[PDB]
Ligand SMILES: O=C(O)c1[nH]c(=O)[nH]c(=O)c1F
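As a starting point, one isolated chain is supplied in structure tokens, in the form solved without this ligand.
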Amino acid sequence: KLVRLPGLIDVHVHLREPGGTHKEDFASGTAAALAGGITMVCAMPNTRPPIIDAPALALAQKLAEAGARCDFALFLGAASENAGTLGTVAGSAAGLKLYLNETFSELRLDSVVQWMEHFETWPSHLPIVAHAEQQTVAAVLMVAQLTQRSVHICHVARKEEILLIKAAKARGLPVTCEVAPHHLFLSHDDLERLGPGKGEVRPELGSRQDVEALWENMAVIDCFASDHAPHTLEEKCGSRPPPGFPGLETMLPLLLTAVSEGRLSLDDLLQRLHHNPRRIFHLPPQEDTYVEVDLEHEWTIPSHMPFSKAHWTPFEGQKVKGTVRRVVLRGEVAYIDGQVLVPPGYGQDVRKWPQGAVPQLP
């Protein structure tokens, strides 16, 4: 007895191409997406070169069109130099990404004034998402209000953050957010097992009280999104571990387990992995696209999932119930029981579809 789900959308993935293709590329990362029941991904701009200008976006578009196996949109990244220069290409992107905490030299912003400049110059009808932790959530919300527009908060990871967003929504402010599976299914209690290298992630793993607060405030969470952030095991366990977890292949099984346990409903899941991603990012439908899952199959997550080049997972050893059996993408069988059946290049840039443009006033 399989359950048919719509094509699920992950609005936060790092596919590492260009420039980091030993960690992941479009072909491997979108294989991982399909195996996770995800038929559309929005890829972040912190590649090498970073997607911070029209030439880099043009390159990334061709790499994605040639390598992706599922459909996609590409984010642009905000830099210290590019505010006011992205207007001609802005509508071709998923949205604009602001990295407001750590970051590489090219996506680093050193002043809130630079944030304001981006909010003032990026077209007001197009999405803006932010990596904004702790007080940075409040700070970017202030910039959004000063510029009288919306903002979407990436990977909310803490009680403090979800409660701040809840208070802002109670005041009618235009803010949405997403939560990643590691902030719902891992905590400080897992750091001994993971160790300090594997355990490195931003936002960091929270306390049990953080995790419980996210679940209790499910109504405040608009989307789930993986923050799939692959790095090899050698990198994670070496002298300067980079932050991030792979997550495309584990997200849906973890969440289906929670549905099976009554922690959220199937509808709650589908709002957060399909309907709300569509409406916040104005992402188009995918014709003849669906995912068949077996909700009864119990399995234990292994030391690596089959497709991501990360070749490791922080969820190793967790018992899950639910698995992706088949994915159909735009009328073609894309995945069956561990086999990807669409080639690199099958996927398309949804922003080029007539229905994938973000509506705007003339």
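The first residue of the sequence shown is number 1, and the count goes up from there.
One more form of this protein exists, namely the form solved in complex with this ligand; it is left out here, but the text below deals with it.
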| Site superposed, this ligand placed from its pose in the deposited complex: open or blocked, blocked meaning at least 3 ligand atoms within 2.4 Å of a backbone or C-beta atom? | open
| Do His131 and this ligand come within 4.5 Å of each other in the deposited complex, heavy atoms counted? | yes
| task | Verify the contact flag for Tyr99: yes if a non-hydrogen atom of it lies within 4.5 Å of a non-hydrogen atom of this ligand in the deposited complex, no if not. | result | yes
| Using heavy atoms and a 4.5 Å limit, would one call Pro243 a contact residue for this ligand in the deposited complex? | yes
| query | Is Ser308 a contact residue for this ligand in the deposited complex, using a 4.5 Å heavy atom cut-off? | reply | no
| request: Can you work out whether this ligand is within 4.5 angstroms of a heavy atom in all three of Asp10, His274 and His282 in the deposited complex? | output: no
| said: Considering non-hydrogen atoms and a 4.5 Å limit, which listed residue (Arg202, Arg149, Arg108, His188) is close to this ligand in the deposited complex? | reply: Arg202
| field | Heavy atom within 4.5 Å of this ligand in the deposited complex - residue from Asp227, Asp71, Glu249, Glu161 | value | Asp227
| message | Given the stretches 194 to 202, 257 to 265, 120 to 128, 167 to 175, which is the single one in contact with this ligand in the deposited complex, using a heavy atom cutoff of 4.5 Å? | response | 194 to 202
| field | Members of 46 to 65 lying within 4.5 angstroms of this ligand, judged by heavy atom, in the deposited complex | value | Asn46
